[PDB]
Amino acid sequence: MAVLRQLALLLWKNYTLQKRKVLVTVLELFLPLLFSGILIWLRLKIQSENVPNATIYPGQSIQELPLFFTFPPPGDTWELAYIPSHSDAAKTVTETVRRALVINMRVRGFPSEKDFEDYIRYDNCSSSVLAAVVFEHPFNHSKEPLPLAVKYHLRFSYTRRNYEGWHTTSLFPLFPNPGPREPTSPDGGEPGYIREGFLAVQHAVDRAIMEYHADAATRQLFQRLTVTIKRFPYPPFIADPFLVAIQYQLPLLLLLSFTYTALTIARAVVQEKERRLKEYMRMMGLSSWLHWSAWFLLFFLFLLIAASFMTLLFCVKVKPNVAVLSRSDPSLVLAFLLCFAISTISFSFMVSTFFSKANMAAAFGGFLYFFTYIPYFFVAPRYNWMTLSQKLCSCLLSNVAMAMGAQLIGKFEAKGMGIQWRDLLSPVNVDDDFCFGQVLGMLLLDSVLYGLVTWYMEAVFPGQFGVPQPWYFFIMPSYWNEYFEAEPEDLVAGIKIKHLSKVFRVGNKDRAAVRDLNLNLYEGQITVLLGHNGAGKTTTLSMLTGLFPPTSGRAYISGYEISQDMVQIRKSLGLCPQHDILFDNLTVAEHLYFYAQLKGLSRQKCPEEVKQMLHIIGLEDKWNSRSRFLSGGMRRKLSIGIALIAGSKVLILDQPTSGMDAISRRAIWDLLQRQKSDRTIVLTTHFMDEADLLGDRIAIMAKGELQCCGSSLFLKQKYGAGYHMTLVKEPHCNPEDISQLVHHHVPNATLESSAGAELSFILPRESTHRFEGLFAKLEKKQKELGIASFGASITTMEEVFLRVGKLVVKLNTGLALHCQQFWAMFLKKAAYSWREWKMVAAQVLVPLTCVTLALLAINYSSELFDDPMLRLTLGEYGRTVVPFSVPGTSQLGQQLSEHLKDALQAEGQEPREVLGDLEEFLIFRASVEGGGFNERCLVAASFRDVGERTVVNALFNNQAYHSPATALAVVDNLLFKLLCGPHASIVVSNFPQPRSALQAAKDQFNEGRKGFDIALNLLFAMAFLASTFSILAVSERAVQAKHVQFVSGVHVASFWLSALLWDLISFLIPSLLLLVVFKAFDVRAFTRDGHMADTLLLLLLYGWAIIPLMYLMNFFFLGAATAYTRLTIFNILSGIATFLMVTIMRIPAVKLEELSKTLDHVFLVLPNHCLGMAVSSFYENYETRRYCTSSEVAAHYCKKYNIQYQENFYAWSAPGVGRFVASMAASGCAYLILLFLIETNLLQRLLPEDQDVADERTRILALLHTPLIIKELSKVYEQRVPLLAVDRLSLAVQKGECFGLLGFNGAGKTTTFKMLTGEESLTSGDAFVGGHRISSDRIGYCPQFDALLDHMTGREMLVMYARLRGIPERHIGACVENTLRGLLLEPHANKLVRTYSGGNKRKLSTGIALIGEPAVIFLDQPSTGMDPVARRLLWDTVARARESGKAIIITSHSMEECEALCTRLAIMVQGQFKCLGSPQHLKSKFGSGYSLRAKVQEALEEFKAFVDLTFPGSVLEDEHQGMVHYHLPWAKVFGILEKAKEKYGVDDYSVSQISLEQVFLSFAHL
Ligand SMILES: Nc1ncnc2c1ncn2[C@@H]1O[C@H](COP(=O)(O)OP(=O)(O)OP(=O)(O)O)[C@@H](O)[C@H]1O
Ligand SMILES: Nc1ncnc2c1ncn2[C@@H]1O[C@H](COP(=O)(O)OP(=O)(O)OP(=O)(O)O)[C@@H](O)[C@H]1O
Ligand SMILES: *[C@@H]1O[C@H](CO)[C@@H](O)[C@H](O)[C@H]1NC(C)=O
Ligand SMILES: *[C@@H]1O[C@H](CO)[C@@H](O)[C@H](O)[C@H]1NC(C)=O
Ligand SMILES: [Mg+2]
Ligand SMILES: [Mg+2]
């Protein structure tokens, strides 16, 4: 029941996410209609004729040869032959035949048929033979007589001889058009059969047989009757030349409308597992088959609306009874489209499981969809030769199975009835056995076949974020030291780690991340894991939670062996990652509700729980606000809320409180204290008071190995000595002054590190007596040496970490500046094709296999074979009916009709007397029966007499090919039977002659579709190649690595021209690899006289005109993968769709050619259309020029009909590419201009507060040496409820200073930096940096969130910014080493900044903002994920950069740096300042410069008595069950605690001058 209660949850989530992008949804829901509207518009344009009256034809006469064979061929006379030559009968028959055909002819003779075939194809005196009678009889010893039952062939020519062959491969034309097959020519048609004298010779031989058998009765017979042949009259019809036009590319219009959802599904499924959003929901509890179901139900509704709109505008009558698919029962069309939609969803699901990156999934799942359709180019021509097995074997691809259904829809449509639910098992004609149900069967078998592949790949090859399974997973039935403390035996071990390890694949050396871990974490207490930046701590936690498998070892979360069955562990797991994983466009209460329901919590008690969590975390006013906005410190709060909601037995937190203010860290600490009773908790943290306040056992990792493990006291009394003391010096101070005094008073002590203004000391316990003197000595003389805010404590935790770690120039400008900024960007872009070589592979191979498989299917479909033998008899068609009439009541007419009646019934046919004027009966039945009349009535007879002489008409249905011969054979059969015995028949066959070798080398015309196919398969390749030039340009702006580059001062021309130049170089390679292909296949129009350069010019000119456009179009998008799949469809609409429409709309048969001019003039502004038409015209012009020049015999024919070719190849006139070249050349310039006009913002114009805060608003309002000036600055975010983020924020900073700018979470800091730099827009304010105003018109920038290029390494990212700011090439190695070494990045100097750590990216992002020595510097939380050792080096760098006169404005949350390197603090809340002045000013506000902090109900209450009766006037606050904090109103308070510990029950204490954090907390209740 939970499964159905969770499927509804997933569906609700998908519906909510879709509801908030309606423009995108409506847009992509009506893209499939721009391909099916082409047809519904063409159907209004093209019109019918409706011929009203029937068509009649006159008879012929087959007594003699046509009036063309009386003239002998040039050179000799006509020649005749017979195959059995060793028999006298076979010669005496042919002699009679020769006499009958009264011309000059000569006979021959051969010993077999093989000799005749060779003489035809291996000689030159041949090719004058007329026919060749072949008798199929054994014929012993030249004395055998002709049997009663004779049969023979007639070998006629292979070419149309009487001014395509004989079509003996089929009985009906493949695709028939309405009206008579040959409207004129009342003598037959395409195979002729009367022009070539087939009927004449056949009748002569049929009479020769009778003259041989009787010779006396046959003369008396053939003196009173003659046989003549007529044609059926055709009924009235309508003309409508529509279906014939759109028949070859109906499948290409059905595929090209589902293509978009095909390449949307593939990347929408992959970029939500590349984003770690699938592993996250699986970790929190989610069945993997409830996700596929949600995806399927999401993507089936779209294709159900689209498949209904297509069915709607495939059946509605636009004009009375005219609609597309004029009669096809819309139900079955809809069923076909649904059966295609299911399959094209399953195919995308299967494809998406081969890729792990959304870019390659989008670039290779839109290509595989079309790649699956290519083998139809080899099936369409040779469809009449395949077998049913070979037709079902090629239906295993869904696109081919759709193509061979869209073919039958046309074939059934242009015949009669169409598609009707009662023909699912009956083929079209009597020649192919292929039903329509066999298409729907394979289209539904393919879905299952693809599902069985997506079920296996998703389980054995999970990619980069899953934990795999063995290759046989379906077989089993269960699928369906002395630094280390001594472990406690009073607890239960939750997690047990044993010899765990992990090795990565950097370079070729197998560097290790974790190595041989051993640990045990117990239930009911918190274990804190410490370490520096890059020593496990996330590889361990990502391996305990199943994000990727261990290299070796094992671990037992609850006895479950994480590598064996983690599906049981993930029932009670709950975690928060280092970088949050949230849904944009999904509010906060929605997030909490969804993730409480997912885990299992009941629906009754959910809302109160969500309210409790919203109150706890602190997100109250941010309720129902989208996660995309938030702040930066609220993201972590929401993540923690999600992690703790619904309860969990195992909590795994990875840096939870990183980026929050203190007032909320305390609340998080309190909750974690209250929720550790009966669960295990694992923490990784970088604040060293957190690891002491809330921690029962602590572990520290050096470089993948465990250093120490134990409680918080055993560790302190092993590494420190006795105590600690810290100081903060003033500007004019010297360390030796303090050091010598300390040595003279306290001998044994060692300075730790003077990291800025810290200058700390370490003292042992053996010198505890000499404390008061040294304390008073510095108490009295604070001002002399400049010590502000001194403090002392007892061996804090921050020192144990240090002990463990230690134990183991004139800048370029002018020309040389631009020549350097250009080279830097050129290398930045070029190093992107070296690191992701999959993209360059897709750029070089995709455009090539689409052309080498279209030139391969053009050579293949251009060959003829043999014209097999056909048996000309009724009975090849089935059970036909054969009407006849005998009007005239005369003898010899009924005694023939009775023979006709009996012979057919013996054959198996059905006669039908009419008695009533055969012609009108035929016309009426042909109009009432419909299209089924052509399959059951094919011959007829009428026995009429004219003046004592009988005339036998032999009608034939010309809708079939071989009807005349069949009719004449039926007549001659009964004629032979009349005068001989009833067992006497004649059987005739065609079997034409074979083609020779000399006559098979004519091949003059080749235009046909041979240029159209090349130009179409080039467009389908350049649609995919040309979309890859916007991937880097979008992914470099989504990360906001472009905003920092422009802040650092890159000229726009330098940014864009180098990108254009590298893209042109990258585009040149396929344009040079296409020439090799055109040479290999010997395509003449692009290989001959000088056209090799003219083709490359076309390709390079298209590459010049599309590349600037793919830069303009990239401004819409925010994602790199979701821009490929929309630019690809933009390149198809403006390409193939229009080219396909214009080619159809210029056929002579359809009477609309003039409109294809006013459309072709509009489509010139589209750069994809121009290339296709240019290639097509270049191909057509070469052929029409090579034909009107070969000989004068064709030169006059060319001007007979005005073939109209060009000699220039570049003229303006039609068959010359002048205007296409002009329009492609004038588009690149018009796009570069428009891009440079938009990149330079030229198309953009087209209350009693504190006194000190109020004084700054006047000192600047009532300045040449000030780098930065802010006055009356404001910012409002309008969201139907305006939110004021900045309120007048007036202030000014001078040189050599360090402004503080503190605040709470979400107050104003980042949104201030944005306006200062230029990211966001201004409203009612002004400011000046470096003097020059920013409201109208050398600074560094370290943004809050890392904006780095993942394909570059650490040192290259620094070299780029060294080049962007002068720094001559000579003096650059020193300037890079000084920044890598002085920031502790030497180990990671060149390691591809994509595999860096959480803090190893903050180090680099800070090092970028300081290299080059800029004037102003904007730091924005520079140190969040940095450990103490590196956080101290950051302070040294910031101080040494400020002592050299540079304005600096940091923005941080920790306080020990805000007092170690700051000079003018400012606490701002709700978007306005509340205090300014030096930190000493703030601290000496209300005096009482003494504080305390102890650490241990009854014990604390008793220990409060001592400090209450000893320190009256206490204002104590903020206790943490031991952390009672005292703000007393120096050697007189440290000496007190020299005996009050034995009877006070404490272990540590810190007494110091008043804390800055207390001043900060004083503003809390506001
Ligand atoms: N996908 C990866 N490919 C190659 N090496 C990696 C990959 N991920 C991490 N590493 C390396 O393995 C080591 C593991 O570091 P890890 O990220 O676990 O440290 P961390 O504790 O998360 O750092 P921080 O304290 O900043 O959070 C790092 O030195 C890192 O360089
Ligand atoms: N793009 C935006 N659209 C609408 N509102 C926003 C946007 N960005 C921030 N806000 C809102 O305006 C306020 C300003 O947030 P700001 O960026 O100053 O937070 P912050 O002080 O940088 O947080 P932290 O210092 O913890 O990172 C926030 O409370 C936030 O809710
Ligand atoms: C072609 O035929 C002629 C006579 O018809 C003959 O003289 C000539 O040799 C033949 N060609 C060849 C190559 O033998
Ligand atoms: C003569 O023809 C018959 C066929 O009727 C055949 O069986 C026989 O072999 C032939 N005679 C000889 C000598 O082969
Ligand atoms: Mg980490
Ligand atoms: Mg911020």
# chains A, B, ... in the order shown; residues from 1 in each chain; ligands from 1
>>> closest_atom_pairs(of="chain A", to="ligand 6", cutoff="12 Å", atoms="only C-alpha atoms and all ligand atoms", output="Markdown table")
| residue | atom | partner | partner_atom_place_in_ligand_line | distance |
| --- | --- | --- | --- | --- |
| A:629 | CA | ligand 6 | 1 (Mg) | 11.4 |
| A:630 | CA | ligand 6 | 1 (Mg) | 9.9 |
| A:631 | CA | ligand 6 | 1 (Mg) | 6.1 |
| A:632 | CA | ligand 6 | 1 (Mg) | 5.4 |
| A:633 | CA | ligand 6 | 1 (Mg) | 7.0 |
| A:634 | CA | ligand 6 | 1 (Mg) | 9.7 |
| A:635 | CA | ligand 6 | 1 (Mg) | 10.8 |
| A:659 | CA | ligand 6 | 1 (Mg) | 8.7 |
| A:660 | CA | ligand 6 | 1 (Mg) | 9.9 |
| A:661 | CA | ligand 6 | 1 (Mg) | 11.4 |
| A:1285 | CA | ligand 6 | 1 (Mg) | 11.9 |
| A:1301 | CA | ligand 6 | 1 (Mg) | 11.5 |
| A:1302 | CA | ligand 6 | 1 (Mg) | 10.7 |
| A:1303 | CA | ligand 6 | 1 (Mg) | 9.9 |
| A:1304 | CA | ligand 6 | 1 (Mg) | 9.6 |
| A:1305 | CA | ligand 6 | 1 (Mg) | 7.4 |
| A:1306 | CA | ligand 6 | 1 (Mg) | 6.7 |
| A:1307 | CA | ligand 6 | 1 (Mg) | 8.4 |
| A:1308 | CA | ligand 6 | 1 (Mg) | 7.8 |
| A:1309 | CA | ligand 6 | 1 (Mg) | 5.8 |
| A:1310 | CA | ligand 6 | 1 (Mg) | 4.3 |
| A:1311 | CA | ligand 6 | 1 (Mg) | 7.4 |
| A:1312 | CA | ligand 6 | 1 (Mg) | 9.3 |
| A:1313 | CA | ligand 6 | 1 (Mg) | 9.1 |
| A:1314 | CA | ligand 6 | 1 (Mg) | 10.2 |
| A:1342 | CA | ligand 6 | 1 (Mg) | 11.9 |
| A:1343 | CA | ligand 6 | 1 (Mg) | 9.1 |
| A:1344 | CA | ligand 6 | 1 (Mg) | 6.2 |
| A:1345 | CA | ligand 6 | 1 (Mg) | 8.8 |
| A:1419 | CA | ligand 6 | 1 (Mg) | 11.1 |
| A:1420 | CA | ligand 6 | 1 (Mg) | 7.3 |
| A:1421 | CA | ligand 6 | 1 (Mg) | 7.6 |
| A:1422 | CA | ligand 6 | 1 (Mg) | 11.0 |
| A:1424 | CA | ligand 6 | 1 (Mg) | 11.4 |
| A:1450 | CA | ligand 6 | 1 (Mg) | 11.7 |
| A:1451 | CA | ligand 6 | 1 (Mg) | 8.5 |
| A:1452 | CA | ligand 6 | 1 (Mg) | 9.0 |
| A:1453 | CA | ligand 6 | 1 (Mg) | 9.9 |
>>> closest_atom_pairs(of="chain A", to="ligand 5", cutoff="6 Å", atoms="only C-alpha atoms and all ligand atoms", output="CSV")
residue,atom,partner,partner_atom_place_in_ligand_line,distance
A:537,CA,ligand 5,1 (Mg),5.8
A:538,CA,ligand 5,1 (Mg),4.5
A:1398,CA,ligand 5,1 (Mg),5.5
>>> write_last_selection(atoms="N, CA and C atoms", output="PDB file, in the first residue's frame")
ATOM      1  N   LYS A 537      37.556  11.887   4.394  1.00  0.00           N
ATOM      2  CA  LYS A 537      36.499  12.666   5.035  1.00  0.00           C
ATOM      3  C   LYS A 537      35.286  12.881   4.147  1.00  0.00           C
ATOM      4  N   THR A 538      35.393  12.561   2.869  1.00  0.00           N
ATOM      5  CA  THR A 538      34.229  12.608   2.003  1.00  0.00           C
ATOM      6  C   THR A 538      34.236  11.343   1.173  1.00  0.00           C
ATOM      7  N   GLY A1398      36.605  20.386  -1.591  1.00  0.00           N
ATOM      8  CA  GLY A1398      35.744  21.496  -1.233  1.00  0.00           C
ATOM      9  C   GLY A1398      36.498  22.767  -0.911  1.00  0.00           C
TER      10      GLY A1398
END
>>> residues_around(residues="segment 1074-1084 of chain A", least_positions_apart="5", cutoff="10 Å", atoms="only C-alpha atoms", output="JSON, numbers by chain")
{"A": [847, 848, 851, 852, 855, 856, 859, 1069, 1089, 1091, 1092, 1093, 1095, 1096, 1099, 1179, 1182, 1183]}
>>> residues_near_ligand(ligand="ligand 4", cutoff="7 Å", atoms="only C-alpha atoms and all ligand atoms", output="PyMOL selection string")
chain A and resi 138-140
>>> write_last_selection(atoms="C-alpha atoms", output="tab-separated table (two decimals), in the first residue's frame")
chain	number	residue	atom	x	y	z
A	138	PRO	CA	12.03	-33.36	-73.78
A	139	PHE	CA	11.84	-34.01	-77.54
A	140	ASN	CA	13.65	-37.33	-78.11
>>> residues_near_ligand(ligand="ligand 3", cutoff="9 Å", atoms="only C-alpha atoms and all ligand atoms", output="PyMOL selection string")
chain A and resi 75+123-126
>>> closest_residue(among="A:790, A:237, A:594, A:1024", to="residue 367 of chain A", atoms="only C-alpha atoms")
A:1024
>>> residues_near_ligand(ligand="ligand 1", cutoff="10 Å", atoms="only C-alpha atoms and all ligand atoms", output="PyMOL selection string")
chain A and resi 464+502-507+510-514+529-542+578-579+654-655+684-686+701+703-704+1387-1388+1391-1403+1424-1427
>>> atom_distance(atom1="atom CA of residue 736 of chain A", atom2="atom CA of residue 750 of chain A")
12.7 Å
>>> residues_around(residues="residue 565 of chain A", least_positions_apart="5", cutoff="10 Å", atoms="only C-alpha atoms", output="mmCIF file with N, CA, C and O atoms, in the first residue's frame")
data_model
loop_
_atom_site.group_PDB
_atom_site.id
_atom_site.type_symbol
_atom_site.label_atom_id
_atom_site.label_comp_id
_atom_site.auth_asym_id
_atom_site.auth_seq_id
_atom_site.Cartn_x
_atom_site.Cartn_y
_atom_site.Cartn_z
ATOM 1 N N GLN A 469 26.212 -4.609 -9.324
ATOM 2 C CA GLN A 469 25.752 -5.938 -8.962
ATOM 3 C C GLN A 469 26.487 -6.942 -9.833
ATOM 4 O O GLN A 469 27.009 -6.582 -10.892
ATOM 5 N N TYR A 479 17.346 -11.740 -4.605
ATOM 6 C CA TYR A 479 17.168 -10.457 -5.273
ATOM 7 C C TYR A 479 15.694 -10.117 -5.437
ATOM 8 O O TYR A 479 15.321 -8.939 -5.478
ATOM 9 N N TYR A 560 25.286 -5.325 8.013
ATOM 10 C CA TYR A 560 24.757 -5.478 6.668
ATOM 11 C C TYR A 560 25.788 -5.406 5.554
ATOM 12 O O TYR A 560 25.410 -5.593 4.398
ATOM 13 N N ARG A 570 19.707 1.513 3.557
ATOM 14 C CA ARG A 570 19.084 2.776 3.181
ATOM 15 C C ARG A 570 17.653 2.898 3.645
ATOM 16 O O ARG A 570 16.984 3.843 3.240
#
>>> closest_residue(among="A:619, A:24, A:269, A:1460", to="ligand 2", atoms="only C-alpha atoms and all ligand atoms")
A:619
>>> closest_residue(among="A:621, A:917, A:609, A:758", to="ligand 2", atoms="only C-alpha atoms and all ligand atoms")
A:621
>>> select_by_dssp(residues="segment 164-284 of chain A", states="alpha helix (DSSP H)", output="number ranges by chain")
A: 198-213, 217-221, 251-270, 277-284
>>> atom_distance(atom1="atom CA of residue 874 of chain A", atom2="atom CA of residue 966 of chain A")
6.7 Å
>>> residues_around(residues="residue 892 of chain A", least_positions_apart="4", cutoff="10 Å", atoms="only C-alpha atoms", output="list in words")
residues 224, 225, 896, 897, 943, 944, 945, 949 and 950 of chain A
>>> residues_around(residues="residue 1563 of chain A", least_positions_apart="5", cutoff="12 Å", atoms="only C-alpha atoms", output="number ranges by chain")
A: 663, 1302-1304, 1467-1470, 1473-1475, 1556-1558
>>> residues_around(residues="segment 2-18 of chain A", least_positions_apart="3", cutoff="9 Å", atoms="only C-alpha atoms", output="number ranges by chain")
A: 21-22, 25, 286-287, 290-291, 293-295, 297-298, 583-586, 594, 597-598, 600
>>> closest_residue(among="A:257, A:1190, A:157, A:1321", to="ligand 2", atoms="only C-alpha atoms and all ligand atoms")
A:1321
>>> closest_residue(among="A:1429, A:1286, A:938, A:1057", to="ligand 2", atoms="only C-alpha atoms and all ligand atoms")
A:1286
>>> closest_residue(among="A:912, A:637, A:835, A:1365", to="ligand 2", atoms="only C-alpha atoms and all ligand atoms")
A:637
>>> decode(residues="segment 796-807 of chain A", atoms="N, CA, C and O atoms", output="PDB file, in the first residue's frame")
ATOM      1  N   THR A 796      43.718  24.844  24.190  1.00  0.00           N
ATOM      2  CA  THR A 796      42.538  24.669  23.355  1.00  0.00           C
ATOM      3  C   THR A 796      42.739  23.562  22.320  1.00  0.00           C
ATOM      4  O   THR A 796      43.857  23.127  22.036  1.00  0.00           O
ATOM      5  N   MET A 797      41.617  23.111  21.749  1.00  0.00           N
ATOM      6  CA  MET A 797      41.646  22.047  20.750  1.00  0.00           C
ATOM      7  C   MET A 797      42.324  22.491  19.462  1.00  0.00           C
ATOM      8  O   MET A 797      42.850  21.655  18.721  1.00  0.00           O
ATOM      9  N   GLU A 798      42.329  23.793  19.176  1.00  0.00           N
ATOM     10  CA  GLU A 798      42.905  24.274  17.927  1.00  0.00           C
ATOM     11  C   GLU A 798      44.400  23.997  17.831  1.00  0.00           C
ATOM     12  O   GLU A 798      44.945  23.987  16.724  1.00  0.00           O
ATOM     13  N   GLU A 799      45.074  23.766  18.955  1.00  0.00           N
ATOM     14  CA  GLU A 799      46.505  23.496  18.943  1.00  0.00           C
ATOM     15  C   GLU A 799      46.830  22.021  18.793  1.00  0.00           C
ATOM     16  O   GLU A 799      47.886  21.683  18.248  1.00  0.00           O
ATOM     17  N   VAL A 800      45.955  21.135  19.266  1.00  0.00           N
ATOM     18  CA  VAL A 800      46.155  19.708  19.042  1.00  0.00           C
ATOM     19  C   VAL A 800      46.195  19.412  17.551  1.00  0.00           C
ATOM     20  O   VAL A 800      46.999  18.600  17.081  1.00  0.00           O
ATOM     21  N   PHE A 801      45.328  20.075  16.784  1.00  0.00           N
ATOM     22  CA  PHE A 801      45.313  19.891  15.341  1.00  0.00           C
ATOM     23  C   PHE A 801      46.634  20.309  14.718  1.00  0.00           C
ATOM     24  O   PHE A 801      47.181  19.598  13.866  1.00  0.00           O
ATOM     25  N   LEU A 802      47.166  21.459  15.135  1.00  0.00           N
ATOM     26  CA  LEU A 802      48.436  21.926  14.594  1.00  0.00           C
ATOM     27  C   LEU A 802      49.567  20.982  14.958  1.00  0.00           C
ATOM     28  O   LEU A 802      50.442  20.706  14.132  1.00  0.00           O
ATOM     29  N   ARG A 803      49.569  20.477  16.191  1.00  0.00           N
ATOM     30  CA  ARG A 803      50.616  19.547  16.601  1.00  0.00           C
ATOM     31  C   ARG A 803      50.551  18.253  15.802  1.00  0.00           C
ATOM     32  O   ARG A 803      51.585  17.736  15.364  1.00  0.00           O
ATOM     33  N   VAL A 804      49.346  17.721  15.591  1.00  0.00           N
ATOM     34  CA  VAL A 804      49.203  16.490  14.819  1.00  0.00           C
ATOM     35  C   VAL A 804      49.641  16.711  13.378  1.00  0.00           C
ATOM     36  O   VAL A 804      50.330  15.872  12.787  1.00  0.00           O
ATOM     37  N   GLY A 805      49.245  17.837  12.788  1.00  0.00           N
ATOM     38  CA  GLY A 805      49.627  18.107  11.414  1.00  0.00           C
ATOM     39  C   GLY A 805      51.121  18.297  11.246  1.00  0.00           C
ATOM     40  O   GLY A 805      51.719  17.782  10.299  1.00  0.00           O
ATOM     41  N   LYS A 806      51.746  19.040  12.161  1.00  0.00           N
ATOM     42  CA  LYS A 806      53.176  19.296  12.051  1.00  0.00           C
ATOM     43  C   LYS A 806      53.993  18.050  12.352  1.00  0.00           C
ATOM     44  O   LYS A 806      55.079  17.874  11.789  1.00  0.00           O
ATOM     45  N   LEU A 807      53.493  17.175  13.226  1.00  0.00           N
ATOM     46  CA  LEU A 807      54.251  15.986  13.593  1.00  0.00           C
ATOM     47  C   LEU A 807      54.456  15.074  12.390  1.00  0.00           C
ATOM     48  O   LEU A 807      55.530  14.487  12.222  1.00  0.00           O
TER      49      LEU A 807
END
